[PDB]
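See below for coords-v1.cif, which holds mmCIF, C-alpha atoms and all ligand atoms.
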data_work
#
loop_
_atom_site.label_atom_id
_atom_site.label_comp_id
_atom_site.auth_asym_id
_atom_site.auth_seq_id
_atom_site.Cartn_x
_atom_site.Cartn_y
_atom_site.Cartn_z
CA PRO F 1 19.00 14.72 100.23
CA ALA F 2 15.42 13.81 99.23
CA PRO F 3 12.89 16.40 97.99
CA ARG F 4 9.77 17.41 99.90
CA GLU F 5 6.44 16.28 98.60
CA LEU F 6 4.10 19.26 99.06
CA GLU F 7 0.34 19.55 98.62
CA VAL F 8 -1.52 22.21 96.66
CA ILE F 9 -3.84 23.91 99.13
CA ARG F 10 -5.20 26.80 97.12
CA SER F 11 -4.92 28.39 93.68
CA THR F 12 -5.57 32.11 93.38
CA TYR F 13 -5.41 34.71 90.59
CA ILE F 14 -3.59 37.84 91.75
CA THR F 15 -3.77 39.46 88.32
CA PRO F 16 -4.49 38.11 84.87
CA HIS F 17 -0.87 36.93 84.36
CA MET F 18 0.03 36.12 87.95
CA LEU F 19 -1.30 32.97 89.65
CA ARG F 20 -0.55 32.28 93.32
CA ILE F 21 -0.34 28.61 94.34
CA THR F 22 -0.35 27.82 98.08
CA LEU F 23 1.63 24.71 99.04
CA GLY F 24 1.48 22.83 102.33
CA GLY F 25 1.01 19.44 103.93
CA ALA F 26 3.06 17.18 106.16
CA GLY F 27 5.97 17.52 103.71
CA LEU F 28 6.78 21.01 104.94
CA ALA F 29 7.73 19.85 108.45
CA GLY F 30 11.16 21.17 109.42
CA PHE F 31 11.22 23.55 106.45
CA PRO F 32 13.18 26.52 107.85
CA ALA F 33 11.59 29.74 109.05
CA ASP F 34 12.05 33.23 107.62
CA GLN F 35 12.48 32.18 103.96
CA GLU F 36 10.43 34.87 102.19
CA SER F 37 12.23 35.89 98.97
CA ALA F 38 14.26 32.65 99.07
CA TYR F 39 13.97 30.42 96.06
CA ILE F 40 12.92 26.81 95.66
CA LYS F 41 13.27 24.30 92.84
CA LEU F 42 10.08 22.70 91.53
CA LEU F 43 10.71 19.14 90.22
CA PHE F 44 8.87 17.86 87.14
CA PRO F 45 8.54 14.34 85.73
CA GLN F 46 10.63 13.18 82.82
CA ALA F 47 9.98 9.68 81.49
CA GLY F 48 13.10 7.52 81.76
CA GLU F 49 15.19 10.62 82.63
CA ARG F 50 16.29 13.07 85.35
CA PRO F 51 13.55 15.40 86.56
CA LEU F 52 13.41 18.93 85.19
CA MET F 53 13.88 21.70 87.74
CA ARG F 54 12.33 25.17 87.68
CA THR F 55 13.22 28.03 90.01
CA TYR F 56 10.58 29.98 91.92
CA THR F 57 10.43 32.44 94.75
CA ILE F 58 8.81 31.97 98.13
CA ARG F 59 6.41 34.90 97.94
CA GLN F 60 4.94 34.32 101.38
CA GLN F 61 5.54 31.97 104.27
CA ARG F 62 3.25 31.02 107.11
CA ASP F 63 4.10 28.34 109.66
CA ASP F 64 1.97 25.69 107.82
CA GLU F 65 2.29 26.75 104.17
CA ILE F 66 4.17 28.81 101.58
CA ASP F 67 2.95 30.84 98.58
CA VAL F 68 4.50 30.77 95.12
CA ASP F 69 3.39 33.26 92.41
CA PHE F 70 3.67 32.01 88.83
CA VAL F 71 3.93 34.37 85.88
CA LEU F 72 1.59 32.98 83.19
CA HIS F 73 4.10 33.69 80.43
CA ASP F 74 3.75 32.88 76.75
CA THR F 75 5.20 29.59 75.57
CA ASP F 76 4.28 27.30 78.41
CA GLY F 77 6.92 25.40 80.19
CA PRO F 78 6.52 22.50 82.54
CA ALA F 79 6.10 24.98 85.47
CA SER F 80 3.66 27.59 84.18
CA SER F 81 1.66 24.83 82.54
CA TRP F 82 1.61 22.89 85.81
CA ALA F 83 0.41 25.97 87.72
CA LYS F 84 -2.51 26.59 85.37
CA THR F 85 -3.70 22.97 85.70
CA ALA F 86 -2.89 22.47 89.39
CA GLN F 87 -5.77 21.03 91.40
CA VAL F 88 -6.25 21.16 95.15
CA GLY F 89 -4.78 18.04 96.75
CA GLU F 90 -2.24 17.60 93.97
CA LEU F 91 1.38 16.85 94.95
CA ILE F 92 4.68 18.33 93.86
CA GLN F 93 8.23 17.65 95.01
CA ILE F 94 10.54 20.58 95.69
CA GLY F 95 14.11 21.27 96.59
CA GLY F 96 15.13 24.30 98.59
CA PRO F 97 15.06 26.66 100.06
CA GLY F 98 18.09 28.30 98.48
CA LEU F 99 19.44 31.40 100.17
CA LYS F 100 17.65 34.68 99.65
CA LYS F 101 19.35 37.85 98.45
CA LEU F 102 17.80 41.01 99.86
CA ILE F 103 18.83 44.50 98.77
CA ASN F 104 21.66 46.03 100.86
CA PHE F 105 19.80 47.93 103.59
CA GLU F 106 22.95 49.90 104.35
CA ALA F 107 22.51 52.76 101.91
CA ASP F 108 21.08 56.29 101.59
CA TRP F 109 18.52 55.38 98.94
CA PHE F 110 17.30 52.38 97.04
CA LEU F 111 16.58 51.19 93.52
CA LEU F 112 14.82 47.89 92.91
CA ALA F 113 14.06 46.91 89.34
CA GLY F 114 12.83 43.84 87.51
CA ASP F 115 10.11 42.19 85.53
CA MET F 116 7.25 40.00 86.67
CA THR F 117 9.50 37.04 87.49
CA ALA F 118 11.20 39.29 90.05
CA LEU F 119 8.00 40.90 91.32
CA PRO F 120 7.52 38.40 94.18
CA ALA F 121 11.08 39.04 95.45
CA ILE F 122 10.81 42.79 94.92
CA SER F 123 7.53 42.77 96.84
CA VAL F 124 9.29 41.15 99.83
CA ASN F 125 12.17 43.65 99.70
CA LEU F 126 9.68 46.55 99.66
CA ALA F 127 7.87 45.18 102.70
CA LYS F 128 11.13 44.74 104.59
CA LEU F 129 12.62 48.17 103.80
CA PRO F 130 12.62 50.77 106.59
CA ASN F 131 9.50 52.97 106.79
CA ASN F 132 11.57 56.04 105.91
CA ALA F 133 13.37 54.45 102.96
CA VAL F 134 13.78 56.66 99.90
CA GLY F 135 14.11 55.77 96.22
CA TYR F 136 12.51 53.88 93.34
CA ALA F 137 11.03 50.53 92.37
CA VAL F 138 10.62 50.03 88.64
CA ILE F 139 8.71 46.98 87.50
CA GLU F 140 7.91 45.69 84.03
CA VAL F 141 4.51 44.00 83.70
CA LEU F 142 2.55 42.64 80.72
CA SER F 143 -0.53 44.82 81.09
CA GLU F 144 -2.11 47.52 83.24
CA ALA F 145 -4.20 44.77 84.82
CA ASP F 146 -1.01 43.13 86.07
CA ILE F 147 -0.07 46.17 88.15
CA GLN F 148 -0.43 45.35 91.88
CA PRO F 149 -0.94 47.58 94.92
CA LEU F 150 2.23 46.68 96.80
CA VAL F 151 3.20 47.55 100.36
CA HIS F 152 6.12 49.98 100.28
CA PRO F 153 7.77 52.87 102.19
CA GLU F 154 5.87 56.03 101.32
CA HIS F 155 9.01 57.68 99.86
CA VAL F 156 9.81 54.74 97.63
CA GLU F 157 8.05 55.45 94.31
CA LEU F 158 6.60 52.59 92.28
CA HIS F 159 7.17 53.06 88.56
CA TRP F 160 5.47 50.48 86.34
CA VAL F 161 6.70 49.70 82.85
CA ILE F 162 3.97 48.06 80.80
CA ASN F 163 5.32 45.83 78.06
CA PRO F 164 3.29 42.98 76.46
CA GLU F 165 6.28 41.51 74.58
CA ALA F 166 9.69 41.02 76.17
CA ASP F 167 12.42 42.95 74.32
CA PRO F 168 15.45 40.91 73.24
CA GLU F 169 17.27 44.29 73.11
CA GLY F 170 16.60 44.84 76.83
CA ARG F 171 15.46 48.47 76.40
CA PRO F 172 12.22 49.07 78.39
CA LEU F 173 13.50 48.84 81.95
CA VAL F 174 16.81 50.67 81.43
CA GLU F 175 15.16 53.41 79.39
CA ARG F 176 12.73 54.24 82.20
CA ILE F 177 15.38 53.98 84.89
CA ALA F 178 17.65 56.44 83.04
CA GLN F 179 14.84 59.00 83.25
CA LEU F 180 14.79 58.82 87.07
CA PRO F 181 16.73 61.47 88.98
CA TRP F 182 19.86 60.32 90.74
CA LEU F 183 19.51 61.21 94.41
CA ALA F 184 22.10 62.36 96.93
CA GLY F 185 24.22 59.74 98.67
CA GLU F 186 25.06 56.17 97.74
CA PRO F 187 22.26 53.88 96.55
CA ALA F 188 21.80 50.17 96.82
CA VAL F 189 20.60 48.53 93.61
CA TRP F 190 18.77 45.21 93.24
CA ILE F 191 17.93 44.03 89.73
CA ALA F 192 16.48 40.78 88.48
CA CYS F 193 14.86 40.19 85.11
CA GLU F 194 15.32 38.75 81.61
CA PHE F 195 18.95 38.33 80.68
CA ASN F 196 19.14 41.04 78.00
CA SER F 197 17.36 43.62 80.16
CA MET F 198 19.69 42.90 83.06
CA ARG F 199 22.77 43.25 80.78
CA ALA F 200 21.45 46.54 79.45
CA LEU F 201 20.92 47.79 83.00
CA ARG F 202 24.26 46.49 84.15
CA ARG F 203 25.99 48.15 81.20
CA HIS F 204 24.15 51.42 81.86
CA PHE F 205 25.38 51.53 85.45
CA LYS F 206 28.97 50.62 84.48
CA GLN F 207 29.18 53.41 81.89
CA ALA F 208 27.27 56.07 83.84
CA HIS F 209 27.39 55.44 87.59
CA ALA F 210 29.89 52.81 88.76
CA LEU F 211 28.90 51.14 92.06
CA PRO F 212 30.51 48.39 94.19
CA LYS F 213 28.97 44.89 93.89
CA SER F 214 28.04 44.97 97.61
CA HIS F 215 25.59 47.72 96.66
CA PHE F 216 24.75 46.42 93.20
CA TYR F 217 22.99 43.08 92.76
CA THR F 218 22.14 41.86 89.26
CA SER F 219 20.57 38.54 88.27
CA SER F 220 19.17 36.95 85.13
CA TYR F 221 15.96 35.14 86.04
CA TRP F 222 15.13 33.85 82.55
CA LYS F 223 16.15 34.36 78.93
CA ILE F 224 14.13 34.77 75.77
CA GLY F 225 14.32 31.69 73.56
CA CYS F 226 15.70 29.53 76.40
CA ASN F 227 14.12 27.11 78.78
CA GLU F 228 15.59 27.08 82.30
CA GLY F 229 18.25 24.49 81.42
CA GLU F 230 19.45 26.55 78.48
CA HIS F 231 19.26 29.78 80.52
CA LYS F 232 21.44 28.26 83.25
CA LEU F 233 24.27 27.75 80.80
CA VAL F 234 24.10 31.32 79.54
CA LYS F 235 23.79 32.64 83.07
CA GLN F 236 26.88 30.70 84.21
CA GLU F 237 28.87 31.86 81.19
CA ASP F 238 27.95 35.49 81.76
CA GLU F 239 28.78 35.25 85.50
CA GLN F 240 32.15 33.78 84.62
CA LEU F 241 32.92 36.47 82.04
CA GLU F 242 31.77 39.21 84.38
CA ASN F 243 33.55 37.94 87.53
CA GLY F 244 36.94 37.28 85.92
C1 LIG W 301 16.03 33.02 91.64
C2 LIG W 301 14.87 32.87 90.70
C3 LIG W 301 13.58 33.07 91.21
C4 LIG W 301 12.49 33.07 90.36
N1 LIG W 301 11.22 33.27 90.85
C5 LIG W 301 10.13 33.26 90.01
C6 LIG W 301 8.84 33.45 90.50
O1 LIG W 301 8.59 33.52 91.70
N2 LIG W 301 7.78 33.45 89.61
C7 LIG W 301 8.02 33.27 88.27
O2 LIG W 301 7.08 33.27 87.49
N3 LIG W 301 9.30 33.07 87.78
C8 LIG W 301 10.34 33.07 88.65
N4 LIG W 301 11.60 32.88 88.14
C9 LIG W 301 11.77 32.68 86.67
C10 LIG W 301 11.45 31.24 86.28
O3 LIG W 301 12.39 30.37 86.88
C11 LIG W 301 11.41 31.15 84.75
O4 LIG W 301 10.39 32.01 84.27
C12 LIG W 301 11.19 29.73 84.21
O5 LIG W 301 11.75 29.62 82.90
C13 LIG W 301 9.73 29.31 84.14
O6 LIG W 301 9.71 27.92 83.90
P1 LIG W 301 8.73 27.26 82.82
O7 LIG W 301 8.71 25.79 83.08
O8 LIG W 301 7.36 27.82 82.85
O9 LIG W 301 9.33 27.64 81.36
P2 LIG W 301 10.65 27.07 80.63
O10 LIG W 301 10.47 25.60 80.36
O11 LIG W 301 11.93 27.28 81.38
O12 LIG W 301 10.71 27.91 79.27
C14 LIG W 301 9.68 27.80 78.32
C15 LIG W 301 9.66 29.04 77.45
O13 LIG W 301 9.11 30.14 78.15
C16 LIG W 301 10.01 31.22 78.16
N5 LIG W 301 9.85 31.87 79.45
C17 LIG W 301 10.21 31.40 80.68
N6 LIG W 301 9.84 32.31 81.60
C18 LIG W 301 9.25 33.36 80.97
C19 LIG W 301 8.69 34.56 81.41
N7 LIG W 301 8.46 34.80 82.72
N8 LIG W 301 8.16 35.43 80.47
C20 LIG W 301 8.17 35.13 79.12
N9 LIG W 301 8.73 33.95 78.69
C21 LIG W 301 9.24 33.08 79.61
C22 LIG W 301 11.38 30.63 77.90
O14 LIG W 301 12.22 31.56 77.27
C23 LIG W 301 11.04 29.47 77.00
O15 LIG W 301 10.93 29.90 75.66
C24 LIG W 301 12.69 32.88 88.99
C25 LIG W 301 13.97 32.68 88.46
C26 LIG W 301 15.07 32.68 89.32
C27 LIG W 301 16.43 32.36 88.73
CA CA W 302 11.66 59.72 95.67
CA CA W 303 22.06 56.53 85.10
CL CL W 304 28.07 44.62 80.97
#
Would you kindly transcribe this structure into structure tokens?
Amino acid sequence: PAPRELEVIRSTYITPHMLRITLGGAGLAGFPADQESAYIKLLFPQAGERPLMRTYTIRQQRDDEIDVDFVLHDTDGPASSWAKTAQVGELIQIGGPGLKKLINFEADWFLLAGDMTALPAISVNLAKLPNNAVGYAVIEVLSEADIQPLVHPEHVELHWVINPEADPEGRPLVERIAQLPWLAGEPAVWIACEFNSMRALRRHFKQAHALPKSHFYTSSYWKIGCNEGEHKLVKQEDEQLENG
């Protein structure tokens, strides 16, 4: 299967550390509908070698284009660097879409949590939740300026954790979450963030409040000190340890 060549239509700052690139062009023909929160693979040139791949979320989808929001993280990679320099009319090949994972809607209350890499996906889950949904969304951003006014059910509270430097100990997100009252009934939990933060969260829930995996999604989206290729190995190893 060959990749799609897509065209950069627009580049837009959402917040100082979040840049939205809009992709379109003839290359999107037959791309499937209803893919918001699904992920794609951006393909990047290597001289004399296989292309690098970087994973991103479809933040928004219209019938003629899709939006991808790039966190402008420290220590540029091929992807964040590409986003910052991307001109209108420039081309990029992608693979995808890969299947989306939404939070389990079949629950009494909800908890979504993650860092900026998960913010696009969390924003789609919040917009899709029922109007009367109850619970919490806890999101780690780099500054106050990177807080966004998201659409959400009025009884889902948005808690922002502001942290300029990612914590290899994984403390910020779990420490805020453990201060949030546990509500009545069974929750569904959706968590995606930096590996160590997700493991801290996962460990918290195992020790304190054990939940079935159907109602408890965890995912490492990146890892400190690793590029995506290195992260993938650690992710796979962790998945294998955890699921057997
Ligand atoms: C399912 C899925 C969906 C994702 N969706 C998005 C999305 O929509 N938007 C988005 O921005 N990211 C998203 N990510 C995370 C993204 O794939 C990684 O951030 C990726 O490493 C960025 O690629 P890069 O080329 O810029 O950096 P890389 O070449 O992979 O790494 C370069 C350096 O930057 C560090 N690094 C990578 N990401 C971050 C970060 N965000 N903060 C601080 N340091 C970082 C690495 O540890 C490494 O040291 C998603 C990840 C997954 C698995
Ligand atoms: Ca509440
Ligand atoms: Ca708890
Ligand atoms: Cl664990």
message: Counting all atoms listed in the file, which residue out of F:93, F:132, F:22, F:61 sits closest to ligand CA 302 (chain W)?
response: F:132
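Using all atoms listed in the file, the contacts of region 150-153 of chain F at a cut-off of 10 Å, with sequence neighbours closer than 2 positions omitted, comprise residues 119, 122, 123, 124, 125, 126, 127, 128, 129, 130, 131, 132, 133, 134, 135, 137, 147, 148, 155, 156, 157 and 158 of chain F.
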Resulting file, chosen residues, C-alpha atoms, as a compact mmCIF listing (two decimals), in the frame of the given file:
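Ended up saving to result-v2.txt:
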# COMPACT_ATOMS: atom_id res chain seq x y z
CA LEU F 119 8.00 40.90 91.32
CA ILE F 122 10.81 42.79 94.92
CA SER F 123 7.53 42.77 96.84
CA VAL F 124 9.29 41.15 99.83
CA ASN F 125 12.17 43.65 99.70
CA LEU F 126 9.68 46.55 99.66
CA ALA F 127 7.87 45.18 102.70
CA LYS F 128 11.13 44.74 104.59
CA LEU F 129 12.62 48.17 103.80
CA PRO F 130 12.62 50.77 106.59
CA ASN F 131 9.50 52.97 106.79
CA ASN F 132 11.57 56.04 105.91
CA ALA F 133 13.37 54.45 102.96
CA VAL F 134 13.78 56.66 99.90
CA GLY F 135 14.11 55.77 96.22
CA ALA F 137 11.03 50.53 92.37
CA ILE F 147 -0.07 46.17 88.15
CA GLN F 148 -0.43 45.35 91.88
CA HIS F 155 9.01 57.68 99.86
CA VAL F 156 9.81 54.74 97.63
CA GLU F 157 8.05 55.45 94.31
CA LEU F 158 6.60 52.59 92.28
Surroundings of ligand LIG 301 (chain W) up to 7 Å, based on only C-alpha atoms and all ligand atoms, as number ranges by chain: F: 39, 54-59, 68-81, 116-118, 120, 166, 220-229
query: Mind pulling up the distance from CA of residue 199 (chain F) to CA of residue 241 (chain F)?
result: 12.3 Å
query: What residues have any atom no more than 9 Å from ligand CA 303 (chain W) when counting only C-alpha atoms and all ligand atoms, and can you list them as a PyMOL selection string?
result: chain F and resi 174+177-182+204-205+207-209
Selection above as a file: C-alpha atoms, as an mmCIF file, keeping the file's coordinate frame:
data_model
loop_
_atom_site.group_PDB
_atom_site.id
_atom_site.type_symbol
_atom_site.label_atom_id
_atom_site.label_comp_id
_atom_site.auth_asym_id
_atom_site.auth_seq_id
_atom_site.Cartn_x
_atom_site.Cartn_y
_atom_site.Cartn_z
ATOM 1 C CA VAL F 174 16.810 50.670 81.430
ATOM 2 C CA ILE F 177 15.380 53.980 84.890
ATOM 3 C CA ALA F 178 17.650 56.440 83.040
ATOM 4 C CA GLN F 179 14.840 59.000 83.250
ATOM 5 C CA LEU F 180 14.790 58.820 87.070
ATOM 6 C CA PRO F 181 16.730 61.470 88.980
ATOM 7 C CA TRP F 182 19.860 60.320 90.740
ATOM 8 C CA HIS F 204 24.150 51.420 81.860
ATOM 9 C CA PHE F 205 25.380 51.530 85.450
ATOM 10 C CA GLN F 207 29.180 53.410 81.890
ATOM 11 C CA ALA F 208 27.270 56.070 83.840
ATOM 12 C CA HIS F 209 27.390 55.440 87.590
#
Spatial neighbours of residue 215 (chain F), max dist 10 Å, all atoms listed in the file, sep filter under 5 positions, as a PDB file with C-alpha atoms, in the frame of the given file:
ATOM      1  CA  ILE F 103      18.830  44.500  98.770  1.00  0.00           C
ATOM      2  CA  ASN F 104      21.660  46.030 100.860  1.00  0.00           C
ATOM      3  CA  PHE F 105      19.800  47.930 103.590  1.00  0.00           C
ATOM      4  CA  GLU F 106      22.950  49.900 104.350  1.00  0.00           C
ATOM      5  CA  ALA F 107      22.510  52.760 101.910  1.00  0.00           C
ATOM      6  CA  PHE F 110      17.300  52.380  97.040  1.00  0.00           C
ATOM      7  CA  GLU F 186      25.060  56.170  97.740  1.00  0.00           C
ATOM      8  CA  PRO F 187      22.260  53.880  96.550  1.00  0.00           C
ATOM      9  CA  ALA F 188      21.800  50.170  96.820  1.00  0.00           C
ATOM     10  CA  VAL F 189      20.600  48.530  93.610  1.00  0.00           C
ATOM     11  CA  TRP F 190      18.770  45.210  93.240  1.00  0.00           C
TER      12      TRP F 190
END
Spatial neighbours of residue 45 (chain F), 10 Å, only C-alpha atoms, chain gap at least 3 places, as a count of residues only: 9
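In this comparison, which uses only C-alpha atoms and all ligand atoms, the residue of F:146, F:194, F:175, F:108 approaching ligand CA 302 (chain W) most closely is F:108.
Taking CA of residue 100 (chain F) and CA of residue 40 (chain F) as endpoints, the distance between them is 10.0 Å.
Proximity to residue 14 (chain F) was assessed for F:136, F:198, F:26, F:149 counting only C-alpha atoms; the smallest distance is recorded for F:149.
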- prompt: What is the distance between CA of residue 8 (chain F) and CA of residue 88 (chain F), in Å to one decimal?
  reply: 5.1 Å
message: Please return as a ChimeraX atom specification the residues found within 8 Å of ligand CL 304 (chain W), counting all atoms listed in the file.
response: /F:199-200,202-204,206,242
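You can rank F:43, F:191, F:18, F:234 by their closest distance to residue 95 (chain F) using all atoms listed in the file, and at the top of that list sits F:43.
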message: Nearest residue to ligand CA 302 (chain W) out of F:154, F:210, F:219, F:19, using only C-alpha atoms and all ligand atoms?
response: F:154
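Considering the residues F:83, F:32, F:237, F:196 and counting all atoms listed in the file, residue 12 (chain F) has its shortest atom-to-atom contact with F:83.
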Six-sided padding of 5 Å per side, axis-aligned box over region 198-202 of chain F, centre and edges in Å, one decimal, as lines of an AutoDock Vina configuration file:
center_x = 22.0
center_y = 45.3
center_z = 81.8
size_x = 14.6
size_y = 14.9
size_z = 14.7
Within 6 Å of residue 139 (chain F), counting all atoms listed in the file, which residues qualify if same-chain residues fewer than 6 places away don't, as a short mmCIF file (atom, residue, chain, number, x, y, z; two decimals) with C-alpha atoms, in the frame of the given file?
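For reference, around01.cif as written:
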data_model
loop_
_atom_site.label_atom_id
_atom_site.label_comp_id
_atom_site.auth_asym_id
_atom_site.auth_seq_id
_atom_site.Cartn_x
_atom_site.Cartn_y
_atom_site.Cartn_z
CA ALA F 113 14.06 46.91 89.34
CA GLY F 114 12.83 43.84 87.51
CA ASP F 115 10.11 42.19 85.53
CA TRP F 160 5.47 50.48 86.34
CA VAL F 161 6.70 49.70 82.85
#
